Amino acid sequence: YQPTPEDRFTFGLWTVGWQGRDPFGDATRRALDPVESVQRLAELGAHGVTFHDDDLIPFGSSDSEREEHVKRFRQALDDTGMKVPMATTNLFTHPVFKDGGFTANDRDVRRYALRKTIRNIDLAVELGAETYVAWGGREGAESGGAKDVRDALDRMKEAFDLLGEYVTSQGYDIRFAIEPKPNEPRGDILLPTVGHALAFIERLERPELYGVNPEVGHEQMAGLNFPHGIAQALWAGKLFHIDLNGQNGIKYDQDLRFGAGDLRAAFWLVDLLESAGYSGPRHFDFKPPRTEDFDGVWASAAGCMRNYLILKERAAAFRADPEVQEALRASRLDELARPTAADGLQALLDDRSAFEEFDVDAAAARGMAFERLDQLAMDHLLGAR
């Protein structure tokens, strides 16, 4: 279960770099130099790193200081062979974003948020990023009167359309991935789930430029089934990127290492990504708990990749098992793949066996055999075969 670059495991600078400051507590760790993170991550077998503008270049830096920061980072990439597959903008930390970036009530803040984004897009492309992530963490409200949501969606569409116009006029080979979250740090966040984000994208001027970047813990904060949501994104052809972590249900955003939280959902998720042949980064957006020192930081990070690899092996074994293949036929998963009425509407309407002469009682008596299947899946996950 040794990770290698071929596994496409990526990490945000802000993940292993999180200092442990929470709503009730001061930082428990010193800041990590981005170049140190790059080197340590390369050693652990990571494919690449990702960043917010403000992770790499401290807010407010002069152009002189900005250029120095990028140069040191780029040297560390050159030395290690680490990739930068994705980047994103910090539109949530600075007090100016307290009511949003793209959907701030103040017009001047919205124009500022766009300019800050455009600037980092240029940098992302230059570094080789294929995906530009937007998490509108401050877009939303604590109170019902504070935000007219139809106007806010107009402003959100406007911002993303402008971003698409920018990218296409520059000739950039980069796509956008919108990251939904139901709440935190706002009471309610706009585009709260994968479904909301998918629906929103279809109203943009160029929908082909936009996908979703779903996060395990985000969807689980609404008590939603994360693999079901991923399946929908894949069904729509919009899974551009994914953020992997752990979450123990409906509560604050925990950002546990991948594999922690809902272990069975992690198993079904890996099963789905591997069998759908998802070929994007497996990005870990997580925080080593503030109880940990730096040794614990790197153990937590190693743990994320390790659990992914154990889960992949178990899922592959589950699908390869002919007893599982037999169980799947017994539960009629094969019949689910068959069209309901490839014979067409008229044939269906005239088919007496579909209704007039359908035996409802015989069909209702058929067991689904789902519990036996699920126990085979349990046995495999636990390696108790």
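We number the residues from 1 along the sequence you see.
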property: Given 299-307 and 161-169, the range whose Cα B-factors average higher in the PDB entry; result: 161-169
property: Per the entry, higher mean C-alpha B factor between 358-366 and 7-15; result: 358-366
property: Options 28, 340, 331, 37 - largest CA temperature factor per the record; result: 37
property: Highest recorded Cα temperature factor - choice among 153, 250, 315, 198; result: 250
property: Chain-relative CA temperature factor third for residue 113; result: middle
property: Third of the chain's Cα B-factor distribution that residue 183 belongs to, per the entry; result: lowest
property: Lowest, middle or highest third - CA B-factor, residue 220; result: middle
property: Entry-reported Cα temperature factor of residue 294, expressed as the chain third it lands in; result: highest
property: Ranked against its chain, the third holding the CA B-factor of residue 213; result: lowest
